[PDB]
Structures are given as structure tokens and as C-alpha cells.
Amino acid sequence: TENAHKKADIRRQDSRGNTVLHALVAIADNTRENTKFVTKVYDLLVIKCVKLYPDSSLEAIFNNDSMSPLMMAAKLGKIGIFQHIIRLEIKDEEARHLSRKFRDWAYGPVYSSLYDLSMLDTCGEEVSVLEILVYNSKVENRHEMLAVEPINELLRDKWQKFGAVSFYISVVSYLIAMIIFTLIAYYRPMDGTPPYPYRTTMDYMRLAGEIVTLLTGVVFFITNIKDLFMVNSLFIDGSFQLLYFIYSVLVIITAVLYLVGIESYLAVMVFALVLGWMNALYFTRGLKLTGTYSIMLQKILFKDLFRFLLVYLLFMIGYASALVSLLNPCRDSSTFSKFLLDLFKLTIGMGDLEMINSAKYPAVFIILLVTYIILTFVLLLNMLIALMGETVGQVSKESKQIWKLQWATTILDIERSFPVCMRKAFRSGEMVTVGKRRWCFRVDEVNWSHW
Amino acid sequence: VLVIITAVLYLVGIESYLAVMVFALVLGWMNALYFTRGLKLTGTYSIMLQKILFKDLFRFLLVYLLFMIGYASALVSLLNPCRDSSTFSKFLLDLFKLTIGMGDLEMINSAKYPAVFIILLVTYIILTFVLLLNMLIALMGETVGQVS
Amino acid sequence: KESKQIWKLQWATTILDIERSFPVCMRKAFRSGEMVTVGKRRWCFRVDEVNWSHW
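Residues are labelled from 1 along each chain in written sequence order, independent of how the entry numbers them, and those without coordinates are excluded. To read the labels, note that chains go from A and ligands from 1, taken in the order they are written. Any value mentioned applies to the visible chains, which represent part of a larger assembly rather than the whole. Each side-chain value is derived from all of the structure's non-hydrogen atoms; neither hydrogens nor water enter the calculation. Residues with missing side-chain atoms are left out of burial classes, side-chain pairs and their counts.

Draft legend 1. How the structure looks around the overall build of chain B. In terms of regular secondary structure, chain B is built from five helices and zero strands. What counts as a helix is a DSSP run of H or I of at least four residues, what counts as a strand is a run of E of at least two, and both are numbered from the N terminus. For chain B, the succession of helices and strands along the chain, N to C, is α-α-α-α-α. Radius of gyration: over C-alpha atoms. The globule rule applied is 2.2 Å multiplied by the number of residues raised to the 0.38 power. Over its C-alpha trace chain B gives a radius of gyration of 21 Å, far above what one expects of a compact globule, namely 15 Å for 148 residues. With respect to the three principal axes, the spread of C-alpha positions in chain B is 65 × 40 × 25 Å.

Draft legend 2. Seen up close, the pattern of salt bridges. Residues and elements named next belong to chain A. The rule for a salt bridge is simple: a side-chain nitrogen of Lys or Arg has to be within 4 Å of a carboxyl oxygen of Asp or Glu. As enumerated under the stated definition, the model contains 13 salt bridges over all chains in all. A salt bridge links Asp237 to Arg285; its shortest N-O distance comes to 3.4 Å. With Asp237 in the loop between helix 8 (201-229) and helix 9 (239-260) and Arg285 in the loop between helix 10 (265-278) and helix 11 (294-326), this residue pair connects regions lying 48 residues apart in the sequence. Of the charged contacts in the structure, one is a salt bridge between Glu415 and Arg423, with a shortest N-O distance of 2.8 Å. The cut-offs for exposure are 20% and 50% of the maximum accessible area for each residue type, with area from a 1.4 Å probe on protein chains only; residues under the lower value are buried, those over the upper are exposed, and the others partly exposed. By relative accessible area, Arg423 is classed as buried at 14%. Through salt bridges that share partners, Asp121, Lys158, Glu415 and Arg423 make up one connected network.

Draft legend 3. Region of interest: the pairing of strand 4 (residues 438-446) of chain A. Residue and element names in this part refer to chain A. Across seven bridges, strand 2 (residues 110-116) lies against strand 4 in antiparallel orientation. Bridging across to strand 4, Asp116 finds its partner in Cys440. Where strand 3 (residues 430-432) lies against strand 4, three bridges are found, and the strand directions are antiparallel. Across the sheet, the residue bridging to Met431 is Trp439, located in strand 4. A pair of strands is considered paired only if DSSP assigns at least 2 bridges between the two.

Draft legend 4. Molecular detail of the pairing of strand 2 of chain A. Residue and element names in this part refer to chain A. In terms of burial, strand 2 is largely enclosed, as six of its seven residues are buried. Relative to strand 2, strand 1 (residues 101-103) runs antiparallel, the two being bridged by three bridges. By the bridge assignment, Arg103 is partnered in strand 2 with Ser113. In this structure, the hairpin formed by strand 1 and strand 2 is closed by a connection of six residues, where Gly108 is found at a positive phi of approximately 65°.

What follows is the structure, given as C-alpha cells:
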């Protein structure tokens with residue numbers, strides 16, 4: 001840096017557009033020794049950058065991906081360089097305007113620290129630190145990395161302002177979807193021959209409600225099966241998502257049955273109406289912030305019972321389609337309806353069959369039915385072993401990791417939902433004029449030492 | 001529960017109250033078998049469990065009975081012609097029998113609409129089977145971390 | 001303890017049973033390790049390390 005022939009420009013990038021600080025982040029192995037000296041060099045360079053260049057700060061220079069060294073440390077999952085940039089308080093008094101941690105007032109036992117929300121909550125900027133902590137970083141250390149000092153309180157800021165509001169809208173917006181469906185059901189003409197001529201304007205009004213009700217079930221149906229291939233118990237516990245799925249299944253079944261021409265759609269249609277008002281009983285919990293261990297369990301409960309239903313129904317269709325292929329003489333195209341009807345009844349145990357006479361081939365019907373029990377009984381035990389093989393070893397760690405992660409994940413999805421006008425309204429942090437003014441955040445402390 | 005049910009039935013006018021009345025009498029002398037333990041002072045881990053067992057099975061019964069009343073009251077509303085006021089007694093009687101599996105029904109003929117009756121009954125199993133697993137997950141999601 | 005023992009054991013157990021399955025001709029093909037001429041040459045294996053001590 002200081003020489004007599006030619007100096008070294010600290011601001012110089014590379015072919016990757018990275019400066020001297022970014023290489024320090026890239027080698028910052030989260031160990032004992034390596035987290036030590038990188039904090040020494042990081043303080044050394046920036047002060048030297050200010051002393052040689054008072055106009056520009058070395059942190060300001062971005063990359064080919066427009067990344068600060070603080071922005072980069074979230075990507076590569078670095079902690080030691082992360083916790084030092086956040087806890088940045090420089091004694092040099094010339095590189096002071098870029099210091100991060102401050103001391104407001106020190107009335108004895110109570111210290112008033114002050115962290116800047118410079119890049120943590122980018123209100124009207126491109127991309128934030130906190131967004132990369134949630135949306136982009138795939139490093140395991142993101143559970144620890146959210147447990148740094150300001151972000152543990154920064155996430156509690158916008159949770160207190162947006163959590164109670166967004167939850168109450170979700171309760172009302174579900175009630176809107178129910179009252180629509182009540183007006184559909186009780187105002188049906190009910191002749192016995194569905195569908196209907198949709199020419200009456202006062203019947204055209206309730207016709208619009210089928211667009212609202214059905215497509216809401218369709219969106220919930222196709223996104224979750226995509227989310228399976230590719231349980232937010234904060235608001236509503238994970239038992240609701242399975243139950244609302246069963247609500248979603250019965251709607252699209254209902255939509256078929258009056259388009260087939262069978263007038264018995266009315267039983268299923270009011271059936272889901274009973275559940276939907278009784279699904280509202282999960283709204284009475286309020287809001288949950290303390291993580292239990294059953295939260296990770298109910299994902300796998302939803303993961304495999306949906307697999308349990310599809311392995312059921314494909315087997316019932318497949319075995320029914322199998323038995324039609326045995327029929328070499330003509331057989332009739334209406335037999336597959338009668339195979340599948342007589343096949344569902346056996347699993348329940350109705351015994352109201354139409355084709356299959358168990359008195360005809362008894363020694364075969366039993367040994368298929370006995371093995372059908374054994375197939376189903378093991379798939380039930382695959383549920384319990386997958387739960388017992390989960391609640392033992394590392395559930396003591398991960399259930400307090402994803403719960404912290406999902407709590408941070410949802411509140412930023414709420415943050416993306418608001419427009420840019422309402423974004424500036426409930427913004428945390430205050431303007432505190434320090435130096436020779438910024439949007440920093442007030443943090444309280446209590447300490448009995450340091451006298 | 002069986003006492004207040006008993007008190008209704010001889011005020012309705014139905015003389016079959018006598019079965020339920022002596023039924024709870026059998027339990028009450030057999031409930032005395034929990035008196036033989038003595039007194040417990042050492043805490044086990046099942047003590048906090050049995051609160052949630054009582055917490056949710058009471059919820060499990062109310063989510064049952066409100067669903068049975070609600071679906072029975074639903075099917076009366078389908079009846080646009082006159083229907084009769086005594087049909088709701090016959091809907092609810094023929095609806096309890098399906099969950100047990102008596103098959104002694106009076107109105108609902110499963111031979112009439114078989115493809116609908118099954119897929120409602122299959123989904124009725126799936127509704128009940130998950131609510132049973134909500135018991136076990138709430139117990140397994142309790143006896144691990146901080147129950148110690 | 002044991003679930004992270006037999007899982008390590010069975011992971012090693014199966015891959016050697018796969019190794020017994022190939023003939024002697026295909027055995028030499030995907031052989032790990034390299035010839036590094038050391039001394040006054042052998043089939044050794046390269047291992048990386050990272051250490052900030054030892055200066």
C-alpha cells in the first residue's frame with residue numbers, strides 16, 4: 001500500500017469483479033483460527049482505505065452480481081466474517097461514518113446499542129441481506145446465521161407489525177370463500193337433471209360463485225402436488241393443510257358429478273360445506289411462535305398419506321382394469337364400472353357386492369383378502385416407523401432450526417405481498433442523526449460489568 | 001355424560017332410559033378400582049400426556065357429533081318436497097349405524113348410488129384415520145425434547 | 001449410536017459386494033488412486049487438507 005515506486009490499488013477488482021474483501025470472505029472457513037485474523041485484516045484494510053481515500057468506502061464496491069462483502073457472506077454460508085461486519089465499531093475516528101455498531105446512551109446498567117439497517121431491510125432497493133439469508137442461501141449454517149444479534153430482533157419487528165394483521169385477513173378471506181359456497185348450495189334449483197340452463201341473471205350470480213369456489217380448490221390441489229415433487233404452523237397448524245386438502249378433493253369430485261349427469265352430486269356438495277365451517281375451528285388457536293416437535297412430523301404425515309391414497313386408488317383402478325383384461329369373450333364396457341364398484345366395497349366391508357361371489361372361489365378370495373390386509377398393515381406401519389425413526393436422534397436440533405427458518409421464511413413472503421406504498425409505512429428502524437443520519441435500529445442492552 | 005343423557009330420556013317419554021341408567025352404575029363401582037393405588041408422589045412422564053389425551057378426545061367427540069348432526073341437518077335441506085319433520089330422526093339414526101358398521105339402516109340404500117356412497121365412506125375413513133394420527137403425533141411430538 | 005454405525009458399515013459392505021461383481025478386466029478401469037513417482041513410483045491416493053496452523 002505504501003511504497004515509493006508504485007502503490008497497490010485496494011479498489012482493484014478481478015475478472016470476477018471481486019475486491020480484496022471478497023477474497024477474505026471466500027477463504028473464511030468457520031474455524032477457530034481462520035475467524036480470528038480475517039477480522040484483523042478486514043479492520044486493517046478499510047481504515048487504510050479511508051486514510052488514503054476519504055471519499056470512497058471499500059464496502060461500497062460491488063461485484064459482477066452486485067454483491068457487497070456482507071452480501072457475499074450470506075451466499076457462501078460464512079459466519080465469522082458475517083458477525084464481524086455486523087459488529088463493526090471503529091476507534092480510528094476517521095473511518096467512523098462507515099461504522100455499524102453504535103452506543104447511544106449508557107445510563108449505568110442499561111446500554112443502548114444501535115445497529116444500522118443499511119442493507120438488512122432494503123425498502124426501495126434491489127435485494128437485501130435478509131432475503132439472501134432466506135431465499136438464496138442453501139448452506140446448512142443459515143440456522144446459526146439467523147441467530148446473529150440484530151436479525152433476531154429485526155424479524156420480531158415486522159412480525160409484530162405484520163403478523164397479527166396478515167393472520168386476520170386470512171381468517172376473513174376464508175370466511176368469504178365459505179359464505180359464497182353457502183349461497184351456492186341453498187339456492188340450487190334441484191330438479192334432478194343437472195346441469196342447468198345458465199340464462200337467468202339471478203342464477204347467473206350464483207354461477208359466478210362456482211368459479212370462485214372450484215378454482216380455489218384447484219390451485220390448492222395442483223400446487224401442493226407440485227410442492228411434493230419439488231405446514232406453515234405459524235398461523236394454522238399443519239393438520240389443517242391435510243383437512244383443507246380433503247376439502248379440496250371433494251370440490252373437484254363434486255364438479256364432475258353434475259357434469260356426468262348423475263343428480264347425486266348434492267350429497268357430496270353439502271358434505272364439504274359441513275367441513276369448511278368446521279375447519280374454522282383451527283382459527284381459534286391464535287398465533288404460535290414457540291416451536292414444538294410435531295411440526296416436522298406433520299409434514300411427513302401429509303407427505304405419505306397423500307402417497308397412501310394414491311397407492312390405494314391406483315391399485316384399485318389397476319386391479320379393476322386387470323380383471324377386465326381377463327374377460328376374453330364379450331367383456332361389456334359397463335363391466336369396469338361394476339368391477340370397481342364391487343372392489344371398493346371389500347375394503348370397507350360392506351358385503352353388498354354385485355359380481356364377485358365369494359362362494360364360487362373361496363380358497364382364492366380369502367388368500368387375496370388376507371394378503372390385502374398384510375399389504376395395508378405394513379403401509380400403516382411405514383407411517384409409524386417413519387415417525388419413530390425421526391423423533392429420536394436429531395429432532396432435538398432440527399425442530400428448533402426449521403421452526404426458526406420457517407418463521408423467517410413466511411414473514412418475508414408477507415413482506416413481498418405488500419405494495420411499495422404500504423411498504424414504507426410500517427418500516428422498522430428510526431432516523432438517528434449520527435456523525436457529520438441513517439435508518440438504524442435501536443437495540444437495548446443490560447450489563448453490570450464494564451465499569 | 002351418561003347421567004345427563006339418562007335424565008333426558010325419561011323426560012322425553014321413552015322408557016328405554018333404564019338401560020343407560022344401570023349402565024353407568026356398573027362403571028361407577030368399577031371406577032372405584034383406581035382408588036386402590038394409594039397415593040403417588042413420584043412424577044412420571046405420562047402425567048402431562050394424559051392432559052392432552054383428555055384435551056383432544058373431548059375435541060374428538062365434539063368434532064364427531066357436530067359432524068354427524070351437521071351432515072344429517074344437511075341432508076334434510078336437500079329435501080325440497082314435503083320433507084317430513086320426522087326424517088331428521090331417521091337421517092341421524094341411519095347415520096350413526098354406518099360408523100359402527102351395523103348395516104341395519106332404514107333410509108339409505110347403498111344399492112341406489114353405490115359409486116357415491118363408497119367414495120364418501122372411503123373419505124370418511126381417511127378423515128377419521130388422520131384425526132387418530134393427530135393423537136399419536138401430538139404424543140410423539142411431546143415425549144422427545146423438553147419432557148425431560 | 002448404532003444407527004450411525006451399521007449405516008456406515010452397510011455402506012461399506014455393499015460397495016465391496018459391488019466390487020466383487022465386476023470381472024478382473026473392468027476392475028482395473030475405474031481404479032482409484034494415481035501413480036505418483038516418489039523416491040528412487042506407487043499407486044497412492046491424493047488427499048487434500050486445509051490448515052491455518054504450522055507456520
